[PDB]
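Given as C-alpha cells, the chain that follows is alone and in the form deposited without the partner chain.
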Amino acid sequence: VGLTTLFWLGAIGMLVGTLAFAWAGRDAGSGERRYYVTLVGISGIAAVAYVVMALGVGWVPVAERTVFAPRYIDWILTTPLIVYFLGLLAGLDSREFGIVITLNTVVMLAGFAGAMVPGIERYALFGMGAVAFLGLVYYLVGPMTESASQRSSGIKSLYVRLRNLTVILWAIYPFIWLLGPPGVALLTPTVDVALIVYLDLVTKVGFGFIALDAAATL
C-alpha cells in the first residue's frame, strides 16, 4: 500500500459519508437542515482534497520532505465547520462562536505554515498551534459544555459524545505531526498518511454517523 492508495481510500470514505449525509438530510425539517448541510460540506471538501492528492497534485517539496498542501487547505476549511456543528449543538451565540472559530483557525494556519517552513524555526509555529488548541479544548470542555447543559437531555448527550470524540482524536494529530515528516521524520510518509487518513475519516464521517444515530433515536 502506497500514498496514492491511502489517498484513494480516504477519498472513498469521505465520498461514502458525503452521500449518506446528503441523503439523510433530504427532507430535514427546517431547523435541523443546518446540521446536515454542515456534514455534507465537511466530508465533501475532504473528499475533493483527497482525490486531488490521490491524483498526485499538491505534493510540495520542502527541504528534505513532502508537504501535502491539499490536506491543510481541507483542514482549514473543514475543522471550523466541525466546531460550528458543536457550537450549534451547544447553543452558542455569535460572540461564543467567534472565539472558538478563531482559535481553531490559528491551530490550522500555524500547522500549515510550520509544515511549509524548512528550518528549525517551524517548531515555533507548531507551538503556537498547540497553545491555541489547548484554548480550544478549554472552551469545548468548559463554557461550551456549560452552554450545552441548557439543552434537552438528548442533545446534551449528543454534544458530550461528539465533544469527547473531537477532543480525544484531535489531540492525537499534533503527535503524529511531531513524529512524522513535518517534525522529527521518524514515521515514514506512508505510515503518517495512513494514520491521518483514519483520523480524518473518524473525526468527520464517524462524527457524522454518530450524529445521524442520535437524530434517528430522537
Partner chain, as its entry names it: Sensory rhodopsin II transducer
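Basically, rigid core = biggest C-alpha set you can superpose within 1.5 Å across the two forms. Shifts are known only where both forms have a C-alpha. Numbering follows the first chain given and starts at 1.
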query: Between the two ranges 38-46 and 22-30, the one averaging a larger CA B factor in the entry; finding: 22-30
query: Mean C-alpha B-factor comparison - 144-152 and 103-111, higher one; finding: 144-152
query: Among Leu134, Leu81, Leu92, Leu125 - the residue whose C-alpha B-factor is largest in the record; finding: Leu92
query: Third of the chain, ranked by Cα B-factor, where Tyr138 sits; finding: middle
query: CA B-factor placement of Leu86, once the chain's modelled residues are sorted into thirds; finding: middle
query: Modelled-residue ranking by C-alpha temperature factor, third containing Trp177; finding: highest
query: Third of the chain's Cα B-factor distribution that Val117 belongs to, per the entry; finding: middle
query: Ranked C-alpha temperature factor of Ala54 among modelled chain residues, by third; finding: middle
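Although not depicted, the form deposited with the partner chain bound is the subject of the following passage.
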property	result
The partner chain contact at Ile176 in the entry with it bound, heavy atom, 4.5 Å	yes
Non-hydrogen atom contact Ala63 with the partner chain in the entry with it bound at 4.5 angstroms	no
Partner contact for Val48 in the entry with it bound: the partner chain, 4.5 angstroms, heavy atom	no
is_contact(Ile172, the partner chain) in the entry with it bound, heavy atom dist at most 4.5 Å	yes
Segment assignment from 26-34, 189-197, 49-57, 146-154: heavy atom within 4.5 Å of the partner chain in the entry with it bound	189-197
Structural rearrangement between this form and the one not shown, runs of 3 or more with C-alpha shift of 2 angstroms or more, core superposed	216-218
